[PDB]
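Okay, here's what each chain looks like letter by letter:
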Amino acid sequence: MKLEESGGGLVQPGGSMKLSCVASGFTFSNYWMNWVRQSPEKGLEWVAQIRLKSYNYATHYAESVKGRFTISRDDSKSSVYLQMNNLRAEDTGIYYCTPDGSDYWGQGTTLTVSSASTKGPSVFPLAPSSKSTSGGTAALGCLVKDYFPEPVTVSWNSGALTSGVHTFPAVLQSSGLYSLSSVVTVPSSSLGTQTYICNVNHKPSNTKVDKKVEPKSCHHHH
Amino acid sequence: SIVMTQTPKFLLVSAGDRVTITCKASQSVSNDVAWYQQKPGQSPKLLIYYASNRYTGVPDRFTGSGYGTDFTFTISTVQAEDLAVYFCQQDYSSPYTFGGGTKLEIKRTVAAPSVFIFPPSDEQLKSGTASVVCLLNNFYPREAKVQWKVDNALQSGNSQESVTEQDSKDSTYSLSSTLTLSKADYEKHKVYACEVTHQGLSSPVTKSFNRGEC
Ligand SMILES: [Co+2]
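1. What about the sheet that holds strand β8 (residues 79-84) of chain A?
All names here are of chain A.
Line of reasoning, step 1. An order of β1-β3-β8-β7 is seen for the four strands of this open sheet, with the pairing classed as antiparallel. Every other strand in the sheet has two partners, leaving β1 (2-6) and β7 (69-74) as the edge strands with one partner each. Averaged over all adjacent pairs, the angle separating strand axes in this sheet is 15°, with direction ignored.
Line of reasoning, step 2. For β1 and strand β3 (residues 17-24), the ladder comprises five bridges, and the chain directions are antiparallel. Along β3, the bridge assignment pairs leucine 3 with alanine 23.

Below, the structure written as structure tokens:
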């Protein structure tokens, strides 16, 4: 049983967007379908629901989206959709598709409604060194600086490295651009044979960057 | 529409202890209340439905009860892996509405941070800016003072801090502090120090490097 959302992205206020959700591993035509969104400021908010062929596909909408949003489905393709017109700043959030009984949820798809132009990040190494080594462990990372809007995602060695990873919440700088760090601790012996690469993706600016983080000696041999 | 008022907004619990969360509906909702768990970076997960039935695969420590307006959700013996925000939701009549959430912080024994410092990279320096990063790894509690000092002079107004969610296994936090200055200011000074004060350290710990060392 799985649902997958796509269609999200960055759009101007007053703009339009269409979200899609494809289901597998259950008899889709038998389930009412819902869209629910989430933002830090507003929390979880139910948005729209669509029922079955029986009902003639009865739909319902949260007041705040009425007349702007349209839910629809294609049973033959096990898919539910949300068409969104005249988008407002406050429609910003992560959108989830969920069946009646909210038994299961998807990974979600991010919608950002913003008049601001995008800016891709620079990715700088946080090199491992004696200054970031304690008892046979070294810390290393990547600084993903000066981007707009949220989000960026960071992985390490294409997701092969997950233990000891801490990717910090982004913070808004005084320039109005975001910055964040992602670090990992690793055996200091690893440094000689293992390559460490942060995979950075800021979809708004089409930035997809892999940065190899190389060790620095400083004066450790002295 | 029906308001679901969820309390407390925040709960600090030792592992093994009990969690009780409450939702009160602005009008009767029969038993059409569900409770969700949302762990950091994850989508909500259904725990309890029709107010008191626990969903498939959910462990016994999770219960709920209630009818009408008053609903509660319980974790009998909270585990480190129960770190999450919890939400109630009313299914009774549209618009379906959610409680504001309850954020769980897991109380544990004091753990001192391991402190690490990072010089600005050669590439960033080329561009006119110097970001200096201090890392505090795997500590508890969250409360911590990180002081930047450049040539032993205390900095103010030119740093920002970020903190991770509690780790699902060891219940620790990590924290980054980033000092930002112009390349020109950077090259005016030698010693870059982050000084960490934390309950678990008998005395503040300082990590440092010299401009030009690495
Ligand atoms: Co030397």
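Still more ground to cover, so stick around.
2. Describing the coordination of the cobalt ion
A four-donor tetrahedral metal ideally has 109.5 degree angles, and a six-donor octahedral metal ideally has angles of 90 or 180 degrees.
Line of reasoning, step 1. Protein coordination at the cobalt ion comes from A:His219 (ND1) and A:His222 (ND1), with a distance range of 2.2 to 2.4 Å.
Line of reasoning, step 2. Judged by its relative accessible area of 43%, A:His219 falls in the partly exposed class.

3. Digging into the domain arrangement of chain A
Residue and element names in this part refer to chain A.
Line of reasoning, step 1. Under the domain assignment used here, chain A contains domain 1 (1-115) and domain 2 (116-222).
Line of reasoning, step 2. The centre of domain 1, based on its C-alpha atoms, is set 34 Å off from the matching centre of domain 2.
Line of reasoning, step 3. Listed as interface residues are five residues of domain 1 and, on the opposing side, eight residues of domain 2.
Line of reasoning, step 4. Roughly 390 Å² is buried in total at the junction of domain 1 and domain 2, and carbon and sulfur atoms are behind 59% of that figure.
Line of reasoning, step 5. In terms of surface lost to domain 2, no three residues of domain 1 exceed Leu10, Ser114 and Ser115, which account for 72% of the buried area on that side.
Line of reasoning, step 6. Here domain 1 is connected to domain 2 by zero salt bridges.
Line of reasoning, step 7. Remark: the boundary between domain 1 and domain 2 carries one residue pair in polar contact.
Line of reasoning, step 8. In terms of residue class, the side of domain 1 that touches domain 2 is built from one nonpolar, four polar and no charged.

4. So, the sheet that holds strand β14 (residues 145-150) of chain B
Pairing between the strands of a sheet comes from backbone hydrogen bonds, and it takes one of two forms, parallel or antiparallel.
Residue and element names in this part refer to chain B.
Line of reasoning, step 1. Pairing in this open sheet of four strands is antiparallel, and the strands run β15-β14-β18-β19 from one edge to the other. Single-partner strands in this sheet number two, and they are β15 (153-154) and β19 (205-210).
Line of reasoning, step 2. Across six bridges, strand β18 (residues 191-197) lies against β19 in antiparallel orientation. By the bridge assignment for β19, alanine 193 is matched with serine 208.

5. Digging into the pairing of strand β1 (residues 4-7) of chain B
Residue and element names in this part refer to chain B.
Line of reasoning, step 1. Across the two faces of β1 the burial differs, with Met4 and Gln6 buried and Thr5 and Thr7 not buried at all.
Line of reasoning, step 2. One ladder, built from four bridges, connects β1 with strand β3 (residues 19-25); its direction is antiparallel. Residue pairing in the sheet places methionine 4 in a bridge with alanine 25 of β3.

6. Re the packing of aromatic side chains
Residue and element names in this part refer to chain B.
Line of reasoning, step 1. Considering all chains together, one arrives at 17 aromatic pairs over all chains under this definition.
Line of reasoning, step 2. Taking the centre distance of 5.3 Å and the plane angle of 35° together, the rings of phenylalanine 73 and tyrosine 86 count as tilted. A residue pair is termed long-range when its members are at least 10 positions apart, and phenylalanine 73 in strand β8 (residues 70-75) and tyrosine 86 in strand β9 (residues 85-90) qualify at 13 residues. Accessibility assignment for this pair places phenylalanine 73 and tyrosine 86 in one class, buried.

7. Here we look at the interface of chain A and chain B
Line of reasoning, step 1. Taken residue by residue, the interface counts 42 residues in chain A and 40 residues in chain B.
Line of reasoning, step 2. Carbon and sulfur atoms make up 62% of the area that chain A and chain B hide from each other, which totals about 3400 Å².
Line of reasoning, step 3. The tally of links between chain A and chain B comes to two salt bridges.
Line of reasoning, step 4. A salt bridge links B:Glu213 to A:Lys131, with the nearest nitrogen and oxygen atoms 2.5 Å apart.
Line of reasoning, step 5. At the junction of chain A and chain B, the tally comes to 10 residue pairs in polar contact.
Line of reasoning, step 6. For the side of chain A that touches chain B, the elements supplying multiple residues, two or more each, are β4 (33-39), β5 (43-50), β11 (122-126), β12 (133-134), β13 (137-147), β15 (165-167), β16 (171-172) and β17 (178-187) of chain A.
Line of reasoning, step 7. For the side of chain A that touches chain B, the residue count by class is 20 nonpolar, 15 polar and seven charged.

Procedures and definitions
Residue numbers count from 1 along every chain, following the sequence as written rather than necessarily the entry numbering; any residue without coordinates is not displayed. Here every chain gets a letter starting at A, and every ligand a number starting at 1, in the order they are written. Remark: hydrogens and water are excluded; side-chain values derive from all non-hydrogen atoms of the structure. Residues with missing side-chain atoms are left out of burial classes, side-chain pairs and their counts. When DSSP locates at least two bridges between a pair of strands, those strands are taken to pair. Helix and strand definitions here come from DSSP, where helices need a minimum of 4 consecutive H or I residues and strands a minimum of 2 consecutive E residues; each element is numbered from the N-terminal end. Axes here refer to lines fitted to C-alpha atoms; in helices the fit is confined to the stretch in contact. Angles between the N-to-C directions go from 0 to 180 degrees. A donor here means an N, O or S atom no more than 2.8 Å from the metal, or no more than 3.2 Å when the metal is Na, K or Ca. Since water is not included, a site may seem to lack partners. Only protein chains enter the accessibility calculation, which uses a 1.4 Å probe; a residue is then buried when its area is under 20% of its type maximum, exposed when over 50%, and partly exposed in between. Annotation comment: domain bounds sourced from an automatic or database domain assignment. Throughout, a residue-residue contact means that at least one pair of heavy atoms, one from each residue, lies within 4.5 Å. By buried area we mean the combined loss of accessible area, with a 1.4 Å probe, across both parts when two parts are placed together. Here, a salt bridge means any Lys or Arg side-chain nitrogen found within 4 Å of an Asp or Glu carboxyl oxygen. Identification of polar contacts relies on pairs of N or O atoms within 3.5 Å, with a donor-acceptor requirement for protein atoms, meaning one able to donate a hydrogen and the other able to accept it, and with residues adjacent in sequence counted only if both atoms are side-chain atoms. Note on residue categories: nonpolar means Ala, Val, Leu, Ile, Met, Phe, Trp, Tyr, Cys or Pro, charged means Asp, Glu, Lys or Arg, and polar means any other residue, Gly included. Only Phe, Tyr and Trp rings are paired, with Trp represented by its six-membered ring, and only when their centres lie within 6.5 Å; those with planes under 30 degrees apart are stacked, over 60 edge-to-face, the remainder tilted.

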